[PDB]
Amino acid sequence: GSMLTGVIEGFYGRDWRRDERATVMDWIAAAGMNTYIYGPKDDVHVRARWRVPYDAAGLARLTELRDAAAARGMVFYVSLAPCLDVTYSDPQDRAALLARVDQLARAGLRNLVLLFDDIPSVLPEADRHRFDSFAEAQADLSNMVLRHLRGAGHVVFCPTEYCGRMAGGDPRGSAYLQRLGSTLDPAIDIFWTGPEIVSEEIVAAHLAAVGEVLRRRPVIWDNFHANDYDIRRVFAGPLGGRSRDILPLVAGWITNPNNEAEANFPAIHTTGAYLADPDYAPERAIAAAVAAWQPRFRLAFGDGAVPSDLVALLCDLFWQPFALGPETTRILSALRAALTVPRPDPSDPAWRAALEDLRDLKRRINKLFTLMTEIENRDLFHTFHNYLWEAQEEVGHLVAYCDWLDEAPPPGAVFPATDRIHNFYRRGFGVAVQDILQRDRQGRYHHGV
Amino acid sequence: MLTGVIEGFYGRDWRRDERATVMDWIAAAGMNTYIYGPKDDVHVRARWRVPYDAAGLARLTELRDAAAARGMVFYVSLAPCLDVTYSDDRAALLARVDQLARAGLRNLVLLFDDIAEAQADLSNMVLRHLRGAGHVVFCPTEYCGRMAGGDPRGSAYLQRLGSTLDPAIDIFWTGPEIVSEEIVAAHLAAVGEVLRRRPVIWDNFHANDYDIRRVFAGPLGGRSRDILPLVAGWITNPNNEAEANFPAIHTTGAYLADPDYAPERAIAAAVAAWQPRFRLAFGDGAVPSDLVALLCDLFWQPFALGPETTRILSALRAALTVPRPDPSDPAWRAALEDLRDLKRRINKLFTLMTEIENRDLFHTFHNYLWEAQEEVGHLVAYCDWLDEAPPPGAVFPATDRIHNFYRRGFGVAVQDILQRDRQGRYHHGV
Ligand SMILES: CC(=O)Nc1ncc(CN2CC[C@]3(CCN(c4cc(C)n5ccnc5n4)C3)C2)s1
Ligand SMILES: CC(=O)Nc1ncc(CN2CC[C@]3(CCN(c4cc(C)n5ccnc5n4)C3)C2)s1
Ligand SMILES: [Ca+2]
């Protein structure tokens with residue numbers, strides 16, 4: 001029945017504003033979820049200066065957040081990361097962590113996340129005589145925190161190895177997780193991101209193996225909708241790659257979403273749908289999300305709104321970490337097939353259809369882009385402005401190339417790029433690296449043989 | 001001569017404090033102008049017919065006063081070109097000009113970049129309404145060589161514009177392209193001929209609104225000082241991120257002032273001036289000058305990587321002419337070691353940036369630095385695998401060494417189809 005479900009503010013970049021946190025909490029509550037975790041990397045007291053307690057203002061914002069979540073039938077957690085230059089056995093360090101916990105506890109914030117995701121290269125020297133491993137040291141420090149709470153509230157532990165790859169493939173083969181699962185107090189839940197930091201799929205056999213080594217069902221920390229790893233990307237598609245059959249194997253489900261608060265309407269809608277609806281299907285879920293989301297696209301000067309089909313296009317373009325949207329996938333795939341020859345036949349309906357859909361894609365992106373400039377909510381506009389520009393430019397250049405092939409140029413003729421494509425397109429440091437570190441169609445890396 | 005910056009890019013407009021910081025830098029660099037024209041202001045372009053409310057006009061006069069205090073002039077942009085009937089609309093434009101004029105803002109930019117005799121007449125009307133007070137600068141529809149068709153003297157538009165626009169009105173020009181790699185003396189002499197006046201340069205060399213992936217912290221390059229006799233003004237349209245533009249403004253002011261201007265020497269002087277902004281929070285440190293220099297080298301120019309970064313990658317390319325580099329070859333060993341050192345230095349820079357006092361400067365470069373770090377790390381993982389001397393049939397174990405999320409998405413899918421070879425030619429993989 002009951003289970004921790006919701007969002008972690010846990011990404012690398014600027015933290016959300018008070019109003020953005022309120023909007024997101026609204027969306028969490030509307031989606032049937034019950035948790036907000038405060039842990040933005042931008043907060044100095046979480047990680048960088050973990051020894052230093054909050055001043056009155058910092059603590060007041062936290063209690064306000066707890067109250068705001070409470071009013072929506074939600075729980076609120078506060079993160080700490082005492083892992084940067086911690087001596088796990090040291091009195092002053094243990095006491096300094098206890099003071100942090102005491103402050104939060106005396107202010108009524110007894111729901112804590114302890115993070116241990118970034119440590120030094122070997123065990124500290126003053127700790128080697130007390131503890132036999134990082135796992136045992138972290139476990140003891142966390143158990144101290146749990147015991148200070150006196151059976152009230154809840155502790156969730158982020159491990160150093162929090163995915164399959166970090167644990168070495170099969171999590172049951174990790175020395176770290178073996179010692180962690182046996183040493184961390186049974187009352188403390190453990191985060192897990194699946195086989196990777198950003199998991200393409202989270203499957204039942206994986207989670208069963210994780211539960212074995214951890215000695216408890218994991219709380220999922222899903223990075224499926226996270227975009228902090230790529231400046232070029234945002235994820236407005238549905239949650240995918242997790243069957244509902246995995247949910248019996250977890251103790252919780254927290255999602256670490258896009259940096260841009262306004263980008264997360266579909267992430268929250270569809271993740272809530274996944275957790276609630278036994279018939280969850282990503283393409284049906286995104287349709288329901290798009291219908292709910294569409295009134296946010298009202299136009300500023302007159303009685304219009306961006307059409308549902310163009311909002312749907314927005315999600316298709318900006319879909320998922322390991323898939324383009326169904327429309328965009330098929331358009332590009334059709335073009336690839338038609339481009340197996342150096343000169344496609346302009347009379348061939350395969351080519352003609354592929355080109356026409358590409359042209360139509362261009363016209364629709366243009367329509368969407370123009371209408372986005374006209375919406376009332378400028379935060380939503382600026383969320384997608386640059387991502388939309390990028391897509392528009394790419395599609396335009398592909399259209400100009402395919403249009404030139406549609407004239408049936410001779411085999412020796414070369415595409416007149418100087419007249420058709422801007423000089424500034426596809427340049428810089430990342431392109432220079434990608435020119436050396438090539439990747440072929442089957443996914444294999446090479447440097448041009 | 002008009003010298004300074006235009007706020008004229010596509011994206012979010014600057015905050016009051018960011019505009020203040022930028023004006024400080026303009027003044028410190030020996031320049032004298034700030035142009036207000038952000039695409040985010042509805043009254044500039046989208047709803048050009050609608051006058052400012054009291055608050056909107058008050059922010060503008062505040063900006064003019066803030067420029068004045070620094071010995072600077074302030075301009076306000078208008079773009080009556082979207083759905084204008086040039087002969088109709090005239091009164092609505094006159095009202096906009098009257099408001100600004102009655103509030104003491106008589107320095108105007110008229111933009112006609114998205115649609116000659118019609119535009120000229122409309123602009124002359126605005127000039128005549130000002131009654132000989134203040135100044136009008138005109139942004140033409142064809143504002144670069146490419147738009148004019150190569151030689152600007154062959155443009156029917158510019159020919160008619162140059163003869164019809166009032167002589168008191170100056171004209172913007174971006175060089176041979178929107179973002180010019182080079183602006184040369186013969187080009188600007190031809191521009192001056194067709195326009196019938198020396199152009200005011202609007203330089204987009206430091207602009208980054210065209211690419212989500214890019215920011216330009218290197219020196220101004222590709223313009224000789226021998227071009228400056230051929231211009232009436234020099235305005236730069238810089239990076240979206242205000243804190244990114246310290247080197248852009250420093251080096252552009254150096255270019256306009258210093259007869260011995262040389263980009264690599266100028267960036268050293270910029271880095272030395274910029275370094276105290278990188279003071280560390282709680283403690284007496286700052287990010288080392290050499291790591292701030294690395295920041296500019298990584299994030300250099302629109303048409304060049306920095307000199308250090310260029311040489312590191314070039315050395316690696318040469319060493320990778322074979323399918324299996326010899327781990328005993330000093331060419332390979334040197335290239336790999338410098339790559340490793342590049343990685344270590346980026347890491348050092350990145351870590352130290354997380355610790356600086358100025359959080360706006362941190363968040364300016366946070367994402368760009370991550371991106372560079374990730375790319376370098378993956379290249380190192382690949383080159384490290386080659387350094388073990390794998391057999392010719394063996395394939396790089398990417399799944400264990402490179403993150404599953406790396407180099408994916410819609411733009412990568414398009415680029416996979418629309419390929420480009422080493423000589424710059426487009427194709428679709430034969
Ligand atoms: C327990 C856990 O899963 N915790 C997470 N925390 C943040 C998360 C979301 N992303 C997903 C992939 C990854 C791995 C490293 N990474 C970084 C790291 C830095 C320093 N920057 C800076 C700018 N962009 C960055 N990206 C991207 C973290 S998941
Ligand atoms: C007269 C003049 O020089 N005027 C300019 N004004 C802005 C400028 C700076 N950039 C340089 C290259 C370029 C060409 C178009 N462009 C766009 C256009 C749009 C709509 N978006 C949206 C998001 N990103 C965009 N980028 C990038 C404009 S130059
Ligand atoms: Ca990247």
# chains A, B, ... in the order shown; residues from 1 in each chain; ligands from 1
call {"tool": "residues_around", "arguments": {"residues": "segment 198-208 of chain B", "least_positions_apart": "2", "cutoff": "7 Å", "atoms": "only C-alpha atoms", "output": "PyMOL selection string"}}
result
chain B and resi 170-174+178-180+192+210-211+214-216+230-240+248+302
call {"tool": "interface_residues", "arguments": {"of": "chain A", "to": "chain B", "cutoff": "8 Å", "atoms": "only C-alpha atoms", "output": "tab-separated table (two decimals) with N, CA, C and O atoms, in the first residue's frame"}}
result
chain	number	residue	atom	x	y	z
A	13	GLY	N	23.41	22.10	-10.56
A	13	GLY	CA	23.14	23.42	-11.12
A	13	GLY	C	22.46	24.33	-10.09
A	13	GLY	O	22.46	24.04	-8.89
A	14	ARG	N	21.83	25.40	-10.57
A	14	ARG	CA	21.17	26.35	-9.68
A	14	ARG	C	19.94	25.69	-9.02
A	14	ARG	O	19.21	24.95	-9.68
A	165	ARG	N	26.85	-0.70	-12.17
A	165	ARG	CA	28.19	-0.43	-12.71
A	165	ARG	C	29.24	-0.12	-11.63
A	165	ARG	O	30.34	-0.67	-11.68
A	196	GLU	N	22.77	1.57	-13.84
A	196	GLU	CA	23.58	2.75	-14.19
A	196	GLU	C	23.10	3.96	-13.41
A	196	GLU	O	22.04	3.92	-12.82
A	198	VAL	N	22.02	6.67	-14.79
A	198	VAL	CA	20.85	6.91	-15.60
A	198	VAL	C	20.53	5.58	-16.29
A	198	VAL	O	21.17	5.22	-17.30
A	229	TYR	N	23.51	16.19	-16.99
A	229	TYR	CA	24.68	15.65	-17.72
A	229	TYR	C	24.94	16.15	-19.15
A	229	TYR	O	25.98	15.83	-19.70
A	230	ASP	N	23.98	16.85	-19.74
A	230	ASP	CA	24.06	17.33	-21.13
A	230	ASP	C	23.35	18.67	-21.29
A	230	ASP	O	22.10	18.78	-21.19
A	231	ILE	N	24.16	19.69	-21.57
A	231	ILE	CA	23.74	21.06	-21.88
A	231	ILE	C	22.69	21.14	-23.04
A	231	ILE	O	21.86	22.04	-23.07
A	232	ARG	N	22.71	20.15	-23.93
A	232	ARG	CA	21.85	20.10	-25.13
A	232	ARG	C	20.45	19.50	-24.93
A	232	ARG	O	19.62	19.57	-25.85
A	233	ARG	N	20.16	18.96	-23.75
A	233	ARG	CA	19.03	18.03	-23.57
A	233	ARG	C	18.10	18.36	-22.43
A	233	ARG	O	18.52	18.93	-21.43
A	317	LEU	N	9.92	15.74	-29.59
A	317	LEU	CA	11.26	16.27	-29.88
A	317	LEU	C	12.20	16.06	-28.68
A	317	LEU	O	13.38	15.64	-28.85
A	318	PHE	N	11.66	16.32	-27.49
A	318	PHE	CA	12.41	16.32	-26.23
A	318	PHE	C	11.89	15.19	-25.33
A	318	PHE	O	11.23	15.43	-24.28
A	321	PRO	N	15.98	9.94	-22.38
A	321	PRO	CA	17.44	9.75	-22.49
A	321	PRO	C	17.91	8.74	-23.58
A	321	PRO	O	18.92	8.98	-24.20
A	322	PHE	N	17.19	7.66	-23.80
A	322	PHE	CA	17.65	6.61	-24.76
A	322	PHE	C	16.68	6.39	-25.92
A	322	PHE	O	16.67	5.30	-26.48
A	323	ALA	N	15.84	7.38	-26.23
A	323	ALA	CA	14.93	7.30	-27.37
A	323	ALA	C	14.50	8.68	-27.80
A	323	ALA	O	14.20	9.54	-26.95
A	324	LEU	N	14.41	8.89	-29.11
A	324	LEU	CA	13.72	10.06	-29.64
A	324	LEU	C	12.24	9.70	-29.60
A	324	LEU	O	11.88	8.51	-29.45
A	332	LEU	N	13.24	10.54	-39.04
A	332	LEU	CA	14.68	10.33	-39.26
A	332	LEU	C	15.06	8.96	-39.79
A	332	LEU	O	15.91	8.89	-40.71
A	336	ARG	N	17.07	8.18	-43.22
A	336	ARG	CA	18.25	7.25	-43.23
A	336	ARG	C	18.17	6.14	-44.26
A	336	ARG	O	19.14	5.89	-44.97
A	339	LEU	N	18.35	7.48	-47.73
A	339	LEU	CA	19.76	7.90	-47.93
A	339	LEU	C	20.82	6.79	-47.89
A	339	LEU	O	22.00	7.03	-47.61
A	340	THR	N	20.44	5.55	-48.16
A	340	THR	CA	21.42	4.46	-48.35
A	340	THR	C	22.18	4.57	-49.68
A	340	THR	O	23.26	3.99	-49.81
A	341	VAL	N	21.62	5.33	-50.65
A	341	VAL	CA	22.26	5.61	-51.95
A	341	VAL	C	22.86	7.02	-51.98
A	341	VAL	O	22.35	7.90	-51.31
A	342	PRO	N	23.91	7.25	-52.81
A	342	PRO	CA	24.43	8.63	-52.90
A	342	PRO	C	23.47	9.68	-53.52
A	342	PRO	O	23.57	10.87	-53.17
A	382	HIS	N	11.11	30.48	-21.68
A	382	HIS	CA	12.57	30.42	-21.53
A	382	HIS	C	13.10	29.01	-21.17
A	382	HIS	O	14.27	28.70	-21.49
A	385	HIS	N	12.90	27.68	-25.04
A	385	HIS	CA	13.41	28.58	-26.09
A	385	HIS	C	14.65	28.05	-26.77
A	385	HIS	O	14.61	27.82	-27.98
A	386	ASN	N	15.75	27.86	-26.01
A	386	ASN	CA	17.02	27.43	-26.63
A	386	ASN	C	16.98	26.00	-27.21
A	386	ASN	O	17.49	25.76	-28.30
A	387	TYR	N	16.34	25.06	-26.51
A	387	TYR	CA	16.17	23.71	-27.00
A	387	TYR	C	15.40	23.65	-28.34
A	387	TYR	O	15.74	22.88	-29.24
A	390	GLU	N	17.49	25.14	-31.27
A	390	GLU	CA	18.49	24.14	-31.68
A	390	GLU	C	17.91	23.13	-32.69
A	390	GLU	O	18.48	22.91	-33.75
A	391	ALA	N	16.74	22.63	-32.36
A	391	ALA	CA	15.99	21.63	-33.12
A	391	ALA	C	15.53	22.17	-34.47
A	391	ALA	O	15.72	21.54	-35.51
A	394	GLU	N	18.62	22.58	-36.77
A	394	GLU	CA	19.05	21.24	-37.26
A	394	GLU	C	18.14	20.75	-38.35
A	394	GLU	O	18.62	20.37	-39.44
A	395	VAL	N	16.84	20.81	-38.06
A	395	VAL	CA	15.82	20.40	-39.06
A	395	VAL	C	15.94	21.25	-40.33
A	395	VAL	O	15.88	20.66	-41.40
A	398	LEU	N	18.98	20.08	-42.48
A	398	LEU	CA	18.64	18.79	-43.07
A	398	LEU	C	17.68	18.93	-44.22
A	398	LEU	O	17.91	18.31	-45.28
A	401	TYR	N	19.60	20.37	-47.23
A	401	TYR	CA	20.38	19.25	-47.85
A	401	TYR	C	19.52	18.30	-48.66
A	401	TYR	O	19.81	18.00	-49.85
A	414	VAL	N	28.97	18.77	-55.37
A	414	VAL	CA	29.06	18.89	-53.92
A	414	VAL	C	28.04	19.92	-53.43
A	414	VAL	O	27.89	20.98	-54.03
A	415	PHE	N	27.35	19.56	-52.35
A	415	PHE	CA	26.36	20.42	-51.67
A	415	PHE	C	26.89	21.84	-51.40
A	415	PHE	O	27.92	21.97	-50.77
A	417	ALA	N	27.14	24.30	-49.33
A	417	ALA	CA	26.94	24.57	-47.90
A	417	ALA	C	27.15	26.03	-47.52
A	417	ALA	O	26.38	26.55	-46.71
A	423	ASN	N	28.01	29.77	-41.39
A	423	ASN	CA	29.42	29.56	-41.02
A	423	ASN	C	29.63	29.10	-39.54
A	423	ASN	O	30.51	28.30	-39.26
A	424	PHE	N	28.79	29.60	-38.65
A	424	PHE	CA	28.92	29.29	-37.18
A	424	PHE	C	28.38	27.90	-36.75
A	424	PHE	O	28.51	27.53	-35.56
A	425	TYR	N	27.74	27.16	-37.66
A	425	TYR	CA	27.08	25.92	-37.32
A	425	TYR	C	28.08	24.79	-37.06
A	425	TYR	O	29.02	24.62	-37.79
A	427	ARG	N	30.49	23.94	-34.63
A	427	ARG	CA	31.90	24.32	-34.37
A	427	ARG	C	32.18	24.28	-32.87
A	427	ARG	O	31.27	24.03	-32.06
A	428	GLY	N	33.46	24.40	-32.51
A	428	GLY	CA	33.88	24.44	-31.12
A	428	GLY	C	34.53	23.20	-30.50
A	428	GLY	O	34.90	22.30	-31.20
A	429	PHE	N	34.68	23.21	-29.17
A	429	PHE	CA	35.57	22.27	-28.46
A	429	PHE	C	35.01	20.83	-28.44
A	429	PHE	O	35.71	19.85	-28.77
A	430	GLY	N	33.74	20.71	-28.05
A	430	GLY	CA	33.01	19.45	-28.09
A	430	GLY	C	32.96	18.82	-29.50
A	430	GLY	O	33.23	17.64	-29.63
A	432	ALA	N	35.24	19.32	-31.86
A	432	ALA	CA	36.68	18.96	-32.09
A	432	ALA	C	37.01	17.60	-31.46
A	432	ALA	O	37.67	16.75	-32.11
A	433	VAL	N	36.51	17.39	-30.24
A	433	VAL	CA	36.69	16.10	-29.55
A	433	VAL	C	35.93	14.98	-30.29
A	433	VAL	O	36.52	13.92	-30.59
A	436	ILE	N	37.58	13.44	-33.31
A	436	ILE	CA	38.62	12.45	-32.99
A	436	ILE	C	37.96	11.16	-32.49
A	436	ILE	O	38.25	10.07	-33.03
A	437	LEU	N	37.12	11.29	-31.46
A	437	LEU	CA	36.41	10.14	-30.86
A	437	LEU	C	35.11	9.88	-31.60
A	437	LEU	O	34.02	10.33	-31.21
A	444	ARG	N	29.95	1.57	-31.90
A	444	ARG	CA	31.34	1.25	-31.59
A	444	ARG	C	32.19	2.49	-31.78
A	444	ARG	O	32.01	3.21	-32.76
A	445	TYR	N	33.09	2.74	-30.84
A	445	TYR	CA	34.03	3.86	-30.92
A	445	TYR	C	35.28	3.52	-31.71
A	445	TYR	O	35.74	2.37	-31.71
A	446	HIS	N	35.80	4.55	-32.37
A	446	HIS	CA	36.94	4.43	-33.29
A	446	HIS	C	37.44	5.84	-33.59
A	446	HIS	O	36.86	6.83	-33.14
A	447	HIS	N	38.53	5.93	-34.36
A	447	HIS	CA	39.15	7.23	-34.75
A	447	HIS	C	39.41	7.33	-36.27
A	447	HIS	O	40.42	7.88	-36.73
A	449	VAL	N	39.54	4.58	-38.49
A	449	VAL	CA	40.47	3.48	-38.82
A	449	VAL	C	41.96	3.88	-38.95
A	449	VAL	O	42.45	4.77	-38.23
call {"tool": "select_by_dssp", "arguments": {"residues": "segment 52-199 of chain A", "states": "strand (DSSP E)", "output": "list in words"}}
result
residues 75, 76, 77, 78, 79, 80, 111, 112, 113, 114, 115, 154, 155, 156, 157, 158, 189, 190, 191 and 192 of chain A
call {"tool": "write_last_selection", "arguments": {"atoms": "N, CA, C and O atoms", "output": "CSV table (one decimal), in the first residue's frame"}}
result
chain,number,residue,atom,x,y,z
A,75,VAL,N,5.2,14.6,2.8
A,75,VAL,CA,6.4,14.6,3.6
A,75,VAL,C,7.6,15.4,3.0
A,75,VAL,O,7.6,15.5,1.8
A,76,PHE,N,8.4,15.9,3.8
A,76,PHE,CA,9.6,16.7,3.4
A,76,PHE,C,10.9,16.2,4.1
A,76,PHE,O,11.0,16.0,5.3
A,77,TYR,N,11.9,15.9,3.3
A,77,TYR,CA,13.3,15.4,3.7
A,77,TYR,C,14.4,16.5,3.5
A,77,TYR,O,14.3,17.3,2.6
A,78,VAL,N,15.4,16.5,4.4
A,78,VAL,CA,16.5,17.4,4.3
A,78,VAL,C,17.8,16.5,4.2
A,78,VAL,O,18.1,15.6,5.0
A,79,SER,N,18.7,16.9,3.2
A,79,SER,CA,19.9,16.1,2.9
A,79,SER,C,21.1,16.7,3.7
A,79,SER,O,21.2,17.9,3.9
A,80,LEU,N,22.0,15.7,4.0
A,80,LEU,CA,23.4,16.0,4.5
A,80,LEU,C,24.4,15.1,3.8
A,80,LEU,O,24.1,13.9,3.6
A,111,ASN,N,13.3,13.9,9.1
A,111,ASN,CA,13.3,13.0,7.9
A,111,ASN,C,14.6,13.5,7.1
A,111,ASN,O,14.7,14.6,6.7
A,112,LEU,N,15.6,12.6,7.1
A,112,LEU,CA,17.0,12.9,6.7
A,112,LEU,C,17.4,12.0,5.6
A,112,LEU,O,17.1,10.8,5.6
A,113,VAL,N,18.2,12.6,4.6
A,113,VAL,CA,19.0,11.8,3.7
A,113,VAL,C,20.5,12.0,4.0
A,113,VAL,O,20.9,13.2,4.1
A,114,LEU,N,21.2,10.9,4.3
A,114,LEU,CA,22.6,11.0,4.5
A,114,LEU,C,23.3,10.5,3.2
A,114,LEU,O,23.1,9.4,2.7
A,115,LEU,N,24.1,11.4,2.6
A,115,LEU,CA,24.8,11.0,1.3
A,115,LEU,C,26.3,10.7,1.5
A,115,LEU,O,27.0,11.3,2.3
A,154,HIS,N,12.9,9.4,10.1
A,154,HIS,CA,13.3,8.4,9.1
A,154,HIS,C,14.6,8.8,8.4
A,154,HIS,O,14.8,10.0,8.1
A,155,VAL,N,15.5,7.8,8.2
A,155,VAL,CA,16.9,8.1,7.6
A,155,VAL,C,16.9,7.2,6.3
A,155,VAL,O,16.6,6.0,6.3
A,156,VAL,N,17.3,7.9,5.2
A,156,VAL,CA,17.6,7.2,3.9
A,156,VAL,C,19.0,7.5,3.5
A,156,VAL,O,19.5,8.7,3.6
A,157,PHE,N,19.7,6.5,3.1
A,157,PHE,CA,21.2,6.5,3.0
A,157,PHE,C,21.5,6.4,1.5
A,157,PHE,O,21.0,5.5,0.8
A,158,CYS,N,22.3,7.4,1.0
A,158,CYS,CA,22.8,7.3,-0.4
A,158,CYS,C,24.2,6.6,-0.4
A,158,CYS,O,25.2,7.3,0.1
A,189,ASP,N,16.7,3.0,5.2
A,189,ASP,CA,16.5,2.6,3.8
A,189,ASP,C,17.7,3.1,3.0
A,189,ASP,O,18.5,4.0,3.4
A,190,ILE,N,17.9,2.5,1.8
A,190,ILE,CA,19.1,2.7,0.9
A,190,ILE,C,18.6,3.1,-0.5
A,190,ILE,O,17.7,2.3,-1.1
A,191,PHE,N,19.2,4.1,-1.0
A,191,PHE,CA,18.9,4.6,-2.4
A,191,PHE,C,19.7,3.7,-3.4
A,191,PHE,O,20.7,3.1,-3.1
A,192,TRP,N,19.1,3.6,-4.6
A,192,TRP,CA,19.7,2.8,-5.7
A,192,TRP,C,19.2,3.3,-7.0
A,192,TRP,O,18.0,3.6,-7.1
call {"tool": "atom_distance", "arguments": {"atom1": "atom CA of residue 386 of chain B", "atom2": "atom CA of residue 338 of chain B"}}
result
15.6 Å
call {"tool": "closest_residue", "arguments": {"among": "A:197, A:315, A:69, A:286", "to": "ligand 1", "atoms": "only C-alpha atoms and all ligand atoms"}}
result
A:197
call {"tool": "closest_residue", "arguments": {"among": "A:38, A:162, A:54, A:253", "to": "ligand 1", "atoms": "only C-alpha atoms and all ligand atoms"}}
result
A:162
call {"tool": "closest_residue", "arguments": {"among": "B:17, B:226, B:7, B:41", "to": "residue 183 of chain B", "atoms": "only C-alpha atoms"}}
result
B:226
call {"tool": "closest_residue", "arguments": {"among": "B:50, B:144, B:295, B:26", "to": "ligand 2", "atoms": "only C-alpha atoms and all ligand atoms"}}
result
B:144
call {"tool": "closest_residue", "arguments": {"among": "A:313, A:443, A:369, A:70", "to": "ligand 2", "atoms": "only C-alpha atoms and all ligand atoms"}}
result
A:369
call {"tool": "select_by_dssp", "arguments": {"residues": "segment 109-328 of chain B", "states": "alpha helix (DSSP H)", "output": "ChimeraX atom specification"}}
result
/B:117-129,145-148,156-164,185-195,246-257,263-274,289-298,307-319
call {"tool": "decode", "arguments": {"residues": "segment 3-55 of chain A", "atoms": "C-alpha atoms", "output": "mmCIF file, in the first residue's frame"}}
result
data_model
loop_
_atom_site.group_PDB
_atom_site.id
_atom_site.type_symbol
_atom_site.label_atom_id
_atom_site.label_comp_id
_atom_site.auth_asym_id
_atom_site.auth_seq_id
_atom_site.Cartn_x
_atom_site.Cartn_y
_atom_site.Cartn_z
ATOM 1 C CA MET A 3 5.399 3.912 0.048
ATOM 2 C CA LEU A 4 7.708 7.051 -0.231
ATOM 3 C CA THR A 5 6.933 8.537 -3.692
ATOM 4 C CA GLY A 6 7.988 11.836 -5.192
ATOM 5 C CA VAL A 7 10.796 14.101 -6.251
ATOM 6 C CA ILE A 8 14.342 14.863 -5.135
ATOM 7 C CA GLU A 9 15.779 18.317 -5.867
ATOM 8 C CA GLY A 10 19.198 16.667 -6.294
ATOM 9 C CA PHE A 11 20.753 17.855 -9.594
ATOM 10 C CA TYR A 12 23.976 19.736 -10.429
ATOM 11 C CA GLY A 13 23.141 23.420 -11.116
ATOM 12 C CA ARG A 14 21.170 26.345 -9.682
ATOM 13 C CA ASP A 15 18.577 25.439 -7.006
ATOM 14 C CA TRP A 16 14.873 26.193 -7.505
ATOM 15 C CA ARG A 17 13.189 29.414 -6.362
ATOM 16 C CA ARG A 18 10.511 29.305 -3.551
ATOM 17 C CA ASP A 19 7.713 29.681 -6.164
ATOM 18 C CA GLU A 20 9.177 26.933 -8.399
ATOM 19 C CA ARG A 21 9.320 24.544 -5.401
ATOM 20 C CA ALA A 22 5.650 25.442 -4.720
ATOM 21 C CA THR A 23 4.674 24.734 -8.379
ATOM 22 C CA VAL A 24 6.521 21.398 -8.304
ATOM 23 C CA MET A 25 4.887 20.419 -4.968
ATOM 24 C CA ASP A 26 1.452 21.198 -6.594
ATOM 25 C CA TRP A 27 2.366 18.807 -9.474
ATOM 26 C CA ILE A 28 3.637 16.119 -7.028
ATOM 27 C CA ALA A 29 0.342 16.285 -5.071
ATOM 28 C CA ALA A 30 -1.835 16.316 -8.274
ATOM 29 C CA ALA A 31 0.064 13.218 -9.483
ATOM 30 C CA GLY A 32 -0.807 11.173 -6.330
ATOM 31 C CA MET A 33 2.749 11.302 -4.853
ATOM 32 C CA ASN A 34 3.652 12.145 -1.235
ATOM 33 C CA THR A 35 7.368 13.212 -0.891
ATOM 34 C CA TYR A 36 9.668 16.132 -1.566
ATOM 35 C CA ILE A 37 13.424 15.653 -0.855
ATOM 36 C CA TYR A 38 15.489 18.824 -0.485
ATOM 37 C CA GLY A 39 19.102 18.103 -1.617
ATOM 38 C CA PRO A 40 20.312 20.590 -4.246
ATOM 39 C CA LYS A 41 24.091 20.545 -4.884
ATOM 40 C CA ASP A 42 23.968 24.431 -4.768
ATOM 41 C CA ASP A 43 23.381 24.438 -0.885
ATOM 42 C CA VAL A 44 26.715 24.926 0.964
ATOM 43 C CA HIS A 45 25.404 23.327 4.235
ATOM 44 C CA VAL A 46 24.496 20.014 2.509
ATOM 45 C CA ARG A 47 28.008 19.139 1.260
ATOM 46 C CA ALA A 48 30.718 21.816 0.931
ATOM 47 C CA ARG A 49 30.538 23.120 4.516
ATOM 48 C CA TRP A 50 28.595 20.179 6.101
ATOM 49 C CA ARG A 51 30.085 21.000 9.541
ATOM 50 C CA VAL A 52 28.308 24.419 9.667
ATOM 51 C CA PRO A 53 24.708 24.652 11.016
ATOM 52 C CA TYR A 54 22.006 26.718 9.274
ATOM 53 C CA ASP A 55 21.394 30.307 10.420
#
